[PDB]
Amino acid sequence: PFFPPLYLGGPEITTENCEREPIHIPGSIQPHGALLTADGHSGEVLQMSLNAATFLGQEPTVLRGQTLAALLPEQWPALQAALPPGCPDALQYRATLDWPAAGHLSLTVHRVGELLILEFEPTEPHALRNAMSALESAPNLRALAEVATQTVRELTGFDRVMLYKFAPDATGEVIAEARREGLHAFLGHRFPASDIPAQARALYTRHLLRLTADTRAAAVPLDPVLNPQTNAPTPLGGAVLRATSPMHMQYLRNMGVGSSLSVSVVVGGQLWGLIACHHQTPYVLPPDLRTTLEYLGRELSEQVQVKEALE
Ligand SMILES: *C/C=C1/C(=C/c2[nH]c(/C=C3[NH+]=C(/C=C4\NC(=O)C(C=C)=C4C)C(C)=C\3CCC(=O)O)c(CCC(=O)O)c2C)NC(=O)[C@H]1C
């Protein structure tokens with residue numbers, strides 16, 4: 001059973017209670033983007049990341065309480081029709097914005113209950129179809145693993161891309177990797193289950209991609225921290241901008257990893273493994289490339305089942 005989050009008087013997490021961290025409700029985001037929450041009916045902005053005003057070039061006093069009708073006149077009607085009350089929380093509305101203060105922005109919106117969760121990130125399929133085909137054309141499980149890591153590395157430029165496979169006891173093993181010259185091998189190395197604790201593995205079965213763009217960057221809180229609709233935490237399990245567990249951030253820093261990203265491989269409704277990526281320098285993977293990775297994760301998941309059937 002989860003501890004209360006830090007902003008509800010909960011304790012800072014230690015190695016004695018890894019699995020009790022409520023990672024889905026950190027009440028804060030990573031600073032490379034901005035997040036707003038809004039009422040699902042009225043479009044009233046209910047919460048904003050502390051950096052939202054500066055990030056969007058808006059006046060802090062104007063942004064809170066303002067409506068999505070006023071802030072996003074060209075998207076609001078499309079947004080409403082796309083995400084009606086009761087829709088699956090995995091369902092997304094995406095748009096590209098031309099925003100003077102921040103340049104081209106990717107907007108990603110989801111609904112949870114009566115709340116809309118809006119993520120703004122800077123933004124800039126021939127390669128995708130080729131990548132899809134390379135996975136399918138892979139002859140066996142090992143080659144599929146190898147092609148997957150190589151293809152993901154080519155698409156992303158990440159210093160290391162691993163296929164990290166979970167054993168029945170939830171320990172992990174790197175079973176394939178593609179790596180930059182000079183990086184030491186993790187191939188064949190195994191890791192305790194506690195390195196990716198049970199509540200993370202659970203979240204990763206439902207929300208299939210997560211990342212930390214800068215492992216040294218302080219989280220940016222949401223204000224107000226609680227959803228005013230409910231006087232309860234804002235569900236951020238489906239927000240890629242959500243803050244990463246400090247326990248994990250520390251693990252990455254100690255490994256010399258500045259940027260981390262993984263994609264779930266789900267086989268038969270169970271978490272089979274992860275496409276796990278590292279960069280030494282902080283690194284924001286373009287929003288369009290993340291969508292490509294999401295498609296490739298789905299393809300790999302299908303192909304792992306197919307290839308395991310071949311034996
Ligand atoms: C006491 C808690 C601990 C803890 C928590 C923790 N770890 C994660 C997430 C991940 N851990 C990963 C581990 C590895 N990455 C690697 O490259 C290797 C080995 C080469 C390992 C073992 C991975 C891949 C993740 C997924 C996230 C990612 O891809 O960056 C979480 C959940 C983080 C979040 O989503 O907010 C948590 C709470 N890890 C520990 O070691 C202990 C201290």
# chains A, B, ... in the order shown; residues from 1 in each chain; ligands from 1
>>> residues_near_ligand(ligand="ligand 1", cutoff="6 Å", atoms="only C-alpha atoms and all ligand atoms", output="PyMOL selection string")
chain A and resi 14-15+18+23+191+194-197+200+211+244-245+247-248+251+260-262+276
>>> residues_around(residues="residue 267 (chain A)", least_positions_apart="3", cutoff="12 Å", atoms="only C-alpha atoms", output="VMD selection string")
chain A and resid 165 to 166 205 264 270 to 274 297 to 309
>>> write_last_selection(atoms="C-alpha atoms", output="PDB file, in the first residue's frame")
ATOM      1  CA  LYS A 165      14.009  -8.902 -19.944  1.00  0.00           C
ATOM      2  CA  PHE A 166      12.174  -9.756 -16.719  1.00  0.00           C
ATOM      3  CA  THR A 205       1.908  -2.428 -17.826  1.00  0.00           C
ATOM      4  CA  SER A 264       7.327  -1.400 -22.267  1.00  0.00           C
ATOM      5  CA  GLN A 270       2.197  -9.033 -18.760  1.00  0.00           C
ATOM      6  CA  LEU A 271       5.356  -6.897 -18.627  1.00  0.00           C
ATOM      7  CA  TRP A 272       7.855  -9.013 -20.575  1.00  0.00           C
ATOM      8  CA  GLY A 273      10.660  -6.437 -20.599  1.00  0.00           C
ATOM      9  CA  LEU A 274      11.749  -2.944 -21.591  1.00  0.00           C
ATOM     10  CA  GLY A 297       7.344  -1.072 -28.819  1.00  0.00           C
ATOM     11  CA  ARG A 298       3.946  -2.391 -29.950  1.00  0.00           C
ATOM     12  CA  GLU A 299       5.586  -4.101 -32.951  1.00  0.00           C
ATOM     13  CA  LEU A 300       8.340  -5.615 -30.783  1.00  0.00           C
ATOM     14  CA  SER A 301       5.732  -6.868 -28.306  1.00  0.00           C
ATOM     15  CA  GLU A 302       3.819  -8.574 -31.122  1.00  0.00           C
ATOM     16  CA  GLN A 303       7.050  -9.945 -32.622  1.00  0.00           C
ATOM     17  CA  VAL A 304       8.327 -11.292 -29.270  1.00  0.00           C
ATOM     18  CA  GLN A 305       5.116 -13.316 -29.012  1.00  0.00           C
ATOM     19  CA  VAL A 306       5.470 -14.440 -32.667  1.00  0.00           C
ATOM     20  CA  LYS A 307       9.159 -15.363 -32.248  1.00  0.00           C
ATOM     21  CA  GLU A 308       8.611 -17.159 -28.929  1.00  0.00           C
ATOM     22  CA  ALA A 309       5.924 -19.199 -30.726  1.00  0.00           C
TER      23      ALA A 309
END
>>> residues_around(residues="residue 133 (chain A)", least_positions_apart="5", cutoff="12 Å", atoms="only C-alpha atoms", output="PDB file with N, CA and C atoms, in the first residue's frame")
ATOM      1  N   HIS A 126       8.588   7.312 -43.318  1.00  0.00           N
ATOM      2  CA  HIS A 126       9.475   6.444 -44.101  1.00  0.00           C
ATOM      3  C   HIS A 126      10.397   5.582 -43.231  1.00  0.00           C
ATOM      4  N   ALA A 127      10.995   6.191 -42.210  1.00  0.00           N
ATOM      5  CA  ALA A 127      11.894   5.483 -41.295  1.00  0.00           C
ATOM      6  C   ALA A 127      11.142   4.510 -40.387  1.00  0.00           C
ATOM      7  N   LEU A 128       9.920   4.880 -40.003  1.00  0.00           N
ATOM      8  CA  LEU A 128       9.073   4.031 -39.163  1.00  0.00           C
ATOM      9  C   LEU A 128       8.698   2.728 -39.865  1.00  0.00           C
ATOM     10  N   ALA A 138      13.115 -10.011 -38.804  1.00  0.00           N
ATOM     11  CA  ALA A 138      14.099 -10.661 -37.923  1.00  0.00           C
ATOM     12  C   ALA A 138      13.773 -12.151 -37.773  1.00  0.00           C
ATOM     13  N   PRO A 139      14.781 -13.030 -37.959  1.00  0.00           N
ATOM     14  CA  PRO A 139      14.566 -14.486 -38.052  1.00  0.00           C
ATOM     15  C   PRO A 139      14.245 -15.220 -36.742  1.00  0.00           C
ATOM     16  N   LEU A 144      15.904 -10.622 -33.274  1.00  0.00           N
ATOM     17  CA  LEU A 144      14.852  -9.633 -33.042  1.00  0.00           C
ATOM     18  C   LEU A 144      15.280  -8.642 -31.964  1.00  0.00           C
ATOM     19  N   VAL A 147      18.168  -6.516 -33.538  1.00  0.00           N
ATOM     20  CA  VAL A 147      17.624  -5.566 -34.505  1.00  0.00           C
ATOM     21  C   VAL A 147      16.853  -4.459 -33.789  1.00  0.00           C
ATOM     22  N   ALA A 148      16.082  -4.829 -32.768  1.00  0.00           N
ATOM     23  CA  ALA A 148      15.309  -3.849 -32.006  1.00  0.00           C
ATOM     24  C   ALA A 148      16.204  -2.784 -31.376  1.00  0.00           C
ATOM     25  N   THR A 151      17.994  -0.677 -34.222  1.00  0.00           N
ATOM     26  CA  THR A 151      17.049   0.206 -34.904  1.00  0.00           C
ATOM     27  C   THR A 151      16.666   1.379 -34.008  1.00  0.00           C
ATOM     28  N   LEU A 296       7.041   1.187 -32.350  1.00  0.00           N
ATOM     29  CA  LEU A 296       8.038   0.112 -32.370  1.00  0.00           C
ATOM     30  C   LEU A 296       7.941  -0.819 -31.169  1.00  0.00           C
ATOM     31  N   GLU A 299       5.088  -3.140 -31.963  1.00  0.00           N
ATOM     32  CA  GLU A 299       5.586  -4.101 -32.951  1.00  0.00           C
ATOM     33  C   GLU A 299       6.518  -5.141 -32.319  1.00  0.00           C
ATOM     34  N   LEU A 300       7.442  -4.691 -31.471  1.00  0.00           N
ATOM     35  CA  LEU A 300       8.340  -5.615 -30.783  1.00  0.00           C
ATOM     36  C   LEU A 300       7.569  -6.578 -29.888  1.00  0.00           C
ATOM     37  N   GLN A 303       5.998  -9.087 -32.075  1.00  0.00           N
ATOM     38  CA  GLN A 303       7.050  -9.945 -32.622  1.00  0.00           C
ATOM     39  C   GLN A 303       7.703 -10.867 -31.594  1.00  0.00           C
TER      40      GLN A 303
END
>>> residues_around(residues="region 29-37 of chain A", least_positions_apart="5", cutoff="6 Å", atoms="only C-alpha atoms", output="number ranges by chain")
A: 45-49, 52, 116-121, 219-220, 241-243
>>> closest_residue(among="A:209, A:53, A:217, A:82", to="residue 101 (chain A)", atoms="only C-alpha atoms")
A:53
>>> closest_residue(among="A:257, A:112, A:152, A:208", to="residue 130 (chain A)", atoms="only C-alpha atoms")
A:152
>>> select_by_dssp(residues="region 19-233 of chain A", states="alpha helix (DSSP H)", output="PyMOL selection string")
chain A and resi 52-56+60-63+68-71+76-82+126-137+141-156+198-206
>>> select_by_dssp(residues="region 45-140 of chain A", states="strand (DSSP E or B)", output="PyMOL selection string")
chain A and resi 45-49+67+93-99+103-112+115-122
>>> residues_around(residues="residue 213 (chain A)", least_positions_apart="6", cutoff="6 Å", atoms="only C-alpha atoms", output="list in words")
residues 259, 282, 283 and 284 of chain A
>>> write_last_selection(atoms="N, CA, C and O atoms", output="compact mmCIF listing (two decimals), in the first residue's frame")
# COMPACT_ATOMS: atom_id res chain seq x y z
N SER A 259 20.39 11.04 -19.26
CA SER A 259 19.04 10.92 -19.86
C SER A 259 18.65 9.45 -19.98
O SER A 259 19.46 8.62 -20.38
N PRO A 282 22.38 15.04 -20.72
CA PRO A 282 20.92 15.23 -20.78
C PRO A 282 20.46 15.35 -22.22
O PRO A 282 21.19 15.86 -23.06
N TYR A 283 19.24 14.90 -22.50
CA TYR A 283 18.80 14.75 -23.87
C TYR A 283 17.29 14.64 -23.92
O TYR A 283 16.70 13.78 -23.27
N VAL A 284 16.66 15.54 -24.67
CA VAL A 284 15.22 15.48 -24.86
C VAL A 284 14.95 14.85 -26.21
O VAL A 284 15.29 15.41 -27.26
>>> atom_distance(atom1="CA of residue 222 (chain A)", atom2="CA of residue 263 (chain A)")
25.5 Å
>>> closest_residue(among="A:115, A:68, A:178, A:193", to="residue 19 (chain A)", atoms="only C-alpha atoms")
A:193
>>> closest_residue(among="A:187, A:6, A:155, A:202", to="residue 170 (chain A)", atoms="only C-alpha atoms")
A:202
>>> closest_residue(among="A:7, A:55, A:295, A:186", to="residue 99 (chain A)", atoms="only C-alpha atoms")
A:55
>>> closest_residue(among="A:228, A:122, A:238, A:43", to="residue 288 (chain A)", atoms="only C-alpha atoms")
A:122
>>> atom_distance(atom1="CA of residue 11 (chain A)", atom2="CA of residue 214 (chain A)")
24.0 Å
>>> residues_around(residues="residue 181 (chain A)", least_positions_apart="3", cutoff="10 Å", atoms="only C-alpha atoms", output="MDAnalysis selection string")
chainID A and resid 159:160 178 184
>>> write_last_selection(atoms="N, CA, C and O atoms", output="tab-separated table (two decimals), in the first residue's frame")
chain	number	residue	atom	x	y	z
A	159	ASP	N	23.06	6.92	-26.60
A	159	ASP	CA	24.34	6.23	-26.37
A	159	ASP	C	24.22	4.73	-26.12
A	159	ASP	O	25.08	3.95	-26.56
A	160	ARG	N	23.18	4.31	-25.40
A	160	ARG	CA	22.96	2.88	-25.17
A	160	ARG	C	21.49	2.55	-25.30
A	160	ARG	O	20.64	3.27	-24.78
A	178	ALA	N	22.78	-2.21	-27.97
A	178	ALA	CA	23.52	-1.45	-28.96
A	178	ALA	C	24.14	-0.28	-28.21
A	178	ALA	O	23.45	0.42	-27.46
A	184	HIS	N	31.14	0.27	-21.66
A	184	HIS	CA	31.29	-1.12	-21.22
A	184	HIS	C	30.00	-1.90	-21.45
A	184	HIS	O	28.90	-1.33	-21.45
>>> residues_around(residues="residue 88 (chain A)", least_positions_apart="6", cutoff="10 Å", atoms="only C-alpha atoms", output="list in words")
residues 110, 111, 112 and 113 of chain A
>>> atom_distance(atom1="CA of residue 255 (chain A)", atom2="CA of residue 278 (chain A)")
9.8 Å
